[PDB]
Each structure stands twice: as C-alpha cells, then as structure tokens.
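Take a look at this one chain, the form solved without 5-amino-1H-imidazole-4-carboxamide (5AC), written out in structure tokens.
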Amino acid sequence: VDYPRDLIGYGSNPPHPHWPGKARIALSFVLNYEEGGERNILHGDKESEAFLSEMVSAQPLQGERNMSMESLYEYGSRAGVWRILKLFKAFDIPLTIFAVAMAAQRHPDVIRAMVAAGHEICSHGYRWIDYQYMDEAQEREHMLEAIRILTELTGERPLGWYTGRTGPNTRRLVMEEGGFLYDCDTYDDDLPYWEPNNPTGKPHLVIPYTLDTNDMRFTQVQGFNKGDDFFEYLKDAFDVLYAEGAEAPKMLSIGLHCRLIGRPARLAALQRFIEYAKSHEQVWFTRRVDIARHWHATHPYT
C-alpha cells in the first residue's frame, strides 16, 4: 500500500561514494554538546533529566532538581569537553559537533574554541528534550530559534540538523525550512542518500547516524562494561566495512558525549580506536558537511 516508510532503500545495489583519496571507508567522529540544554526545571521543564548519565537507573523528578544528575552533566562541560577536543587535535581529526543551541548559549567560549579549531557546528536542536509529543507549531519555533542562536554564536548558520528524540514532524520541518544541506535523524543505512520524500522537492541529503557505535551505550541498560568493549565494538565495525570497501566503500559514524567519553576511564578506548583507524591507509576522516558537499559534487540529485 501507500506505506510512508522505505524498507528497501538502495536494495542490493548501493552506490560507490568515491571518497577522496580513494578511501575504503569514511569515518565521521561526532561530539554531542548537550550539557546546559538538558531537562531541568531551571530551563522551564516540568522535570529533571534522567537520560545518559552514570545514574544508570535514574527517573525524571517532577518539579524537582536532581543535583547529582546536574553535577554529572557539569562534568561534560567543565572537564570532559576539553580533554576530548585535545585528543582530536592531537591526531588531527576533524569533528562534527552536534551542538544544542541552549547548551551553546550557556558556554559560548567552548563553541568559539571549537569553531576556531575548524570543527563543524551542526544543529542538535534548541533544547535537549523529547520532541515526540510536541505540537508542530512549537517544534518549528524551536527549530528556527536554534538556527538563530547558532548563527550568532558561530557567525555561520548550521547546514545540518539532528534532534535525536524526534517526533512524527521533526524531519519534515527540517526539510521545509530550506537552508539545511542535510539531516542525521535516521539509523537506516551505511551510506548517505537523497531524501525520497522532501515536500520541498529541493535536494535534501540524509546522512544516517548511529545508536550502536555510540558511547551512550556506556550508560544504558545494555552496554559496554569497560572501555575495551567499545574499542572492540568500534574495531569490528571498521574491519567489516573496510573489507567491504575494497569494492564498495561505506561510512561509519562514531557518536560521543562530553560527560561520557570525557571521563578518563573511557577516553583511553577512544584513543585506542583512533590509533587503530589511523594505522590503516585509505581512511577518510571527515566532517558530515564535507560528506554532504562531496555527495552533491559526486552524486548530484537527479
């Protein structure tokens, strides 16, 4: 029937990306910047934050502040962020930053640092909250606001979007806005593709993200006990994709959070994966906007 999902996509025939330097794989390291934008009555929310912290079994507290939860988030913005940024600078690997606009407003100096470092600032929404149930009017308003904030902060408007906890209208509103080159609000492929259902009809690129090669699993019910578990997980993902890349190259995202991989216990394994990746020839270490411009120039929208 007139089924609004594409279960098929490229089928058994995915396109060759032709990554620069004849790369057998494209690696997109992504650093989320959410600290200061999460759930909090201080921010006008009805409850405290519970998602993604050391407090693995936390529940949101209605009309309350959860001090421990707040403090675990402050680790991300106070200490984790700088240690991570230094690590990427040390191996000369660029980042795409998934920056929440309210978080960035609260820490403009680190955002400025990131931009000066040459990292791409991608929009991660106005607030770090669940958009599942929000009215279309308000989600659109948050969106246009996130754009305003990041443009002023950065001096350049965001060209990609990623909400994460999206609702039924999130991605439609992104493509309707007009000014995005891409979005990342899918986990459906190993390659970019042109959105098949853009009402706008303009080319809109989808660059799928990840929930599995993602440090969020360090704090979820099912998830890595020690750093080496995340290293072996990342390593396996690389090995299979790199092997496929001998004839059919693909991409791999690596999701990271300041308050999570920022802890020394977890950073070690990220550095190990980076050294592993760097030891291979034909790896394209890149930003998602660069993948997007590359797609345009290589596989233009027909």
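Each residue number is its position in the shown sequence, starting from 1.
**Q** Per the PDB record, is the mean Cα temperature factor higher over 268 to 276 or over 35 to 43?
**A** Result: 35 to 43.
**Q** For the C-alpha atoms alone, is the average B factor greater in 250 to 258 or in 49 to 57, going by the entry?
**A** Looking at the recorded C-alpha B-factors, 49 to 57 comes out higher on average.
**Q** Name the residue from 163, 210, 96, 222 with the greatest C-alpha temperature factor listed in the entry.
**A** 222 has the highest C-alpha B-factor of those listed.
**Q** Between 92, 156, 190, 232, which one tops the list for Cα B-factor in this entry?
**A** Of the options given, 156 has the highest CA B-factor in the PDB entry.
**Q** Consider only the C-alpha atoms of the modelled residues in this chain, order them by B-factor as the entry records it, and name the third containing residue 66: lowest, middle or highest.
**A** As the PDB entry reports it, the C-alpha B-factor of residue 66 lands in the middle third of its chain.
**Q** Sort the modelled residues of this chain by their C-alpha B factor and say whether residue 123 lands in the lowest, middle or highest third.
**A** Its C-alpha B-factor, which the entry lists for residue 123, ranks in the middle third among residues of this chain.
**Q** Lowest, middle or highest third: which one holds residue 135 when the chain's residues are ordered by CA B-factor from the entry?
**A** For residue 135, the deposited C-alpha B-factor lands in the highest third.
**Q** Please rank the C-alpha B-factors of the chain's modelled residues and tell me whether residue 167 sits in the lowest, middle or highest third.
**A** Middle third, going by the recorded CA B-factors of the chain.
**Q** Could you place residue 184 in the lowest, middle or highest third of its chain by Cα temperature factor, using the values in the record?
**A** Within its chain, residue 184 is a middle-third residue by C-alpha B-factor, going by the deposited values.
There is another form of this protein, the form deposited with 5-amino-1H-imidazole-4-carboxamide (5AC) bound, and it is not shown here; the text below is about that form.
**Q** Is it open or blocked here: 5-amino-1H-imidazole-4-carboxamide (5AC) placed from its pose in the deposited bound form by C-alpha superposition, 2.4 Å cut-off to backbone or C-beta atoms, 3 or more ligand atoms needed to block?
**A** After the site C-alphas are aligned, the pocket of the shown chain is open to the transferred ligand.
**Q** Counting heavy atoms only and using a 4.5 Å cut-off, do 52, 165 and 257 all touch 5-amino-1H-imidazole-4-carboxamide (5AC) in the deposited bound form?
**A** Yes, each of 52, 165 and 257 comes within 4.5 Å of 5-amino-1H-imidazole-4-carboxamide (5AC) in the deposited bound form.
**Q** Would you classify residue 161 as touching 5-amino-1H-imidazole-4-carboxamide (5AC) in the deposited bound form, given a 4.5 Å non-hydrogen atom cut-off?
**A** It does not: once 5-amino-1H-imidazole-4-carboxamide (5AC) is placed as it appears in the deposited bound form, residue 161 has no heavy atom within 4.5 Å of it.
**Q** Using 4.5 Å between non-hydrogen atoms, is residue 182 touching 5-amino-1H-imidazole-4-carboxamide (5AC) in the deposited bound form?
**A** No, residue 182 sits far enough from 5-amino-1H-imidazole-4-carboxamide (5AC) in the deposited bound form that none of its heavy atoms falls within 4.5 Å.
**Q** How about residue 209 - does it come within 4.5 Å of 5-amino-1H-imidazole-4-carboxamide (5AC) in the deposited bound form, if we only consider non-hydrogen atoms?
**A** It does: once 5-amino-1H-imidazole-4-carboxamide (5AC) is placed as it appears in the deposited bound form, residue 209 has a heavy atom within 4.5 Å of it.
**Q** At 4.5 Å between heavy atoms, is residue 35 in contact with 5-amino-1H-imidazole-4-carboxamide (5AC) in the deposited bound form?
**A** Flag for residue 35 set to no.
**Q** With the partner removed from view, which of 86 to 94, 189 to 197, 139 to 147, 121 to 129 is the stretch that lies within 4.5 Å of 5-amino-1H-imidazole-4-carboxamide (5AC) in the deposited bound form, judged by heavy atom distances?
**A** Going by heavy atoms within 4.5 Å, the stretch is 121 to 129.
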